[PDB]
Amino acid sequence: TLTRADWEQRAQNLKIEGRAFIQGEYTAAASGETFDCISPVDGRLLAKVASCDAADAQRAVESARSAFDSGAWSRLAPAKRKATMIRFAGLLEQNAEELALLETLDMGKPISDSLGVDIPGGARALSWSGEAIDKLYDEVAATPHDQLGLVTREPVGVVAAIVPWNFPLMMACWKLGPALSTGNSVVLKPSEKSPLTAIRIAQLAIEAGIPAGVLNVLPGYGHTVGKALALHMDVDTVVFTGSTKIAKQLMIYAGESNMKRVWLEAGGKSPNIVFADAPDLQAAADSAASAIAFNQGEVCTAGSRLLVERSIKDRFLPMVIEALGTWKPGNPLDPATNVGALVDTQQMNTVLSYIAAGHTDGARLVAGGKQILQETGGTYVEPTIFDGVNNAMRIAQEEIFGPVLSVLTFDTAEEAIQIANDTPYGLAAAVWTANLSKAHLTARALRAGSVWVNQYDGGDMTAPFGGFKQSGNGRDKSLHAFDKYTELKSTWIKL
């Protein structure tokens, strides 16, 4: 087990690749332009990263298209694609320490989280998806004797994947797993706030046996190369994870261009409903704190609204405060740290402004509330709780994407459901109760893509993940994720 000093030495000794990757080779952007990749750990310069634009999108898509048409990957035997995807996952694990360190330096999450959650999670999405390839069957319809009706799935062709900065490698892998497994070529566009691991795994893909052109990586800004990919007339599908605002703009881009398929994973304001008859209130308290403090609250499914049955509120809230007190910001390179830096100054100022809005709209600060560790040259905020929140308050309605918890009360299950569903979002929700009927009926009534019962942040690769309403469309993970990267064909044969 590596120490803080070990990680600090390794961080200093990294040579960091900043180039784009197109047709099997690292490359500068056509313009030669770069942007500074700055670490939120302490503000050090990590790398000058290629700043791609429309011209680079064009070259990457031409490369993607040529590779798809060659059939080198798209017509490779399923069992062979499986083997390659599993080797790809294996190379992530083999290079786990470097990749984890890049993630931590790039966007500030604790090294123990990068190493323990992100890298294994990314690898698992690649290998599980790979494992599934030849376990999938298409269909033969019930037809008259002189007909053979086949209903099959084929890869769409060229896929653009635009991903965010909060789980850079893992979110990339949630897309790459099913998209590559089904045989598509993918152009990956990582967040400008976290380009490094995406850039690095482009090389690993080649080493695993992914052909040149099949996985191209274009670092750069959303409003330049991201937009260019979404408007491209020869991209078949764009998959996206990010804000609801940008997600909507992608639907507009598709409409303005070639009617490409658009699949979105967007914001959340997930309600964590704790009933008086929860089987384990301490577990509910620990989980409620973890739900908002894990990864600095920079989680789409953060349990940012805590709904507590009023009769246990006075006992439960102090339990949640004490649990939250164990989540402490610190040096992300220290293995003992469980809360890291926020991704940058821009994000931190947004979070601080929402904390200010909590005060303004009349909520009661009961824990945290301040920026800390300023002397480090990094960006850190205390996990924060507001009590006495009404669901119409800004901190109840709007996604904060920091470790800021809103606490609301209710007195009936029906009110809990009404409050929980009172949102434009619908990514996740949780219910804590020992009652059989109340558990299933409440879960059934919540309009959310994931509903966790007597736990938070549940599910694994077998569980589809995605939004109701403005939290998105379509699902990541599970076999259902494959459907975003394929087209149905009905082949009706007269005999």
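Each residue number is its position in the shown sequence, starting from 1.
**Message:** Averaging CA B factors per stretch from the PDB record, which one is higher: 247-255 or 298-306?
**Reply:** The deposited B-factors put 298-306 ahead on the C-alpha mean.
**Prompt:** Out of 145-153 and 414-422, which stretch has the higher average CA B-factor listed in the record?
**Reply:** Taking the mean C-alpha B-factor of 145-153 and of 414-422, the larger value falls to 414-422.
**Which of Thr326, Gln203, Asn95, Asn216 ranks first by CA B-factor in the deposited coordinates** = The listed residue with the largest C-alpha B-factor is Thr326.
**Message:** For the CA B factor values reported in this entry, which option in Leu365, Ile199, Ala79, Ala100 has the top one?
**Reply:** Among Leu365, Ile199, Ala79, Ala100, the highest C-alpha B-factor in the entry belongs to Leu365.
**Request:** Place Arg447 in the lowest, middle or highest third of its chain's C-alpha B-factors, as listed in the PDB entry.
**Result:** Within its chain, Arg447 is a middle-third residue by C-alpha B-factor, going by the deposited values.
**Message:** Lowest, middle or highest third: which one holds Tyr221 when the chain's residues are ordered by CA B-factor from the entry?
**Reply:** Its C-alpha B-factor belongs to the middle third of this chain's values.
**Prompt:** Ranked by Cα temperature factor within the chain, is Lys227 in the lowest third, the middle third or the highest third?
**Reply:** For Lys227, the deposited C-alpha B-factor lands in the middle third.
**Request:** Rank-wise, by C-alpha B-factor, drop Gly90 into the lowest, middle or highest third of its chain.
**Result:** For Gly90, the deposited C-alpha B-factor lands in the lowest third.
**CA B-factor ranking of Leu495, expressed as a third of its chain** = Within its chain, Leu495 is a middle-third residue by C-alpha B-factor, going by the deposited values.
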